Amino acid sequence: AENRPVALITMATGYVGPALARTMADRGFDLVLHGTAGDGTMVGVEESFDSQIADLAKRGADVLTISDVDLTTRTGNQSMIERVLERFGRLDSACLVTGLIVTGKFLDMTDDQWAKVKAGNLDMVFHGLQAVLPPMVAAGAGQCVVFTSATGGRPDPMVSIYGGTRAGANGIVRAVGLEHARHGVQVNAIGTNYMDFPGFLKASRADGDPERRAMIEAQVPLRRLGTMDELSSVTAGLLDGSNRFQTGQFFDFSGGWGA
């Protein structure tokens, strides 16, 4: 009877997940966090589920955690949404964080690297959207954000297959966001670059290297790395019901780099 909306956030033990969960809880949502199990020492885990759950529960959110599902597959994504609906009976918002980073010269790319970028950058999008949309269509309302990459808006040398498949994800999102708009469902993509979190600081090798860090920031028009507080704010605005008038769109979030 409380009629609390439910937001799914994937890869939620890092990147935008933790800050987005906090603000979605502040906005009255119950939460489903997909991510990697383990404590803060686990690789890729920036904020563990145990730490997040305690804070999110303090905010009044009910939280379901989902770990060790392979979201590059139909099975993983279908299982995830079945568990969402079992717990909460509804899905109002979904933040699908996708991707697998591969960089290098185009002619150096192997079949394995090609397979991996397709699995991360496209299969996660295809199967994720096939899983989250049915309950949204059934309800006549929903909001989805797919995280792709700012490289999808300008695929450049050394990120040919990563950036190119990100552009494909953006295109799928355009079609899908337009196709389900008549059912009250928004699907948009956000693509970031130059964000201050471990994943970026490693791919750019700015980690523990102030001189590298500074050269990287100088590549950004706004001369800084973006923060997860800023990104969670924009992302929540596309998932909290406050804006029901954009769909099928791609939003660059990279300090002007993808303008």
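In this text, residue numbers run from 1 along the sequence as written.
TODO: Return whichever of 70 to 78 and 126 to 134 has the greater mean Cα B factor according to the PDB record.
DONE: In the deposited entry, the stretch with the higher C-alpha B-factor mean is 70 to 78.
Higher-scoring stretch by recorded Cα B factor average, 249 to 257 or 1 to 9
Between 1 to 9 and 249 to 257, it is 1 to 9 that shows the higher mean C-alpha B-factor.
Quick one: which of 214, 222, 234, 33 shows the highest Cα temperature factor in the PDB entry?
214 has the highest C-alpha B-factor of those listed.
**Top Cα B factor in the deposited entry, candidates 174, 87, 105, 154** = That would be 87.
Checklist line | Modelled-residue ranking by C-alpha temperature factor, third containing residue 53 | finding: According to the entry, residue 53 has a C-alpha B-factor in the chain's highest third.
*residue 83 CA temperature factor, ranked by third within the chain*: It belongs to the highest third of the chain when residues are ordered by C-alpha B-factor.
query: Where does residue 210 sit by CA temperature factor within its chain: lowest, middle or highest third?
result: Top third by C-alpha B-factor.
What third of the chain does residue 226 rank in for C-alpha temperature factor, lowest, middle or highest? CA B-factor rank for residue 226: middle third.
Lowest, middle or highest third - CA B-factor, residue 116: Highest third.
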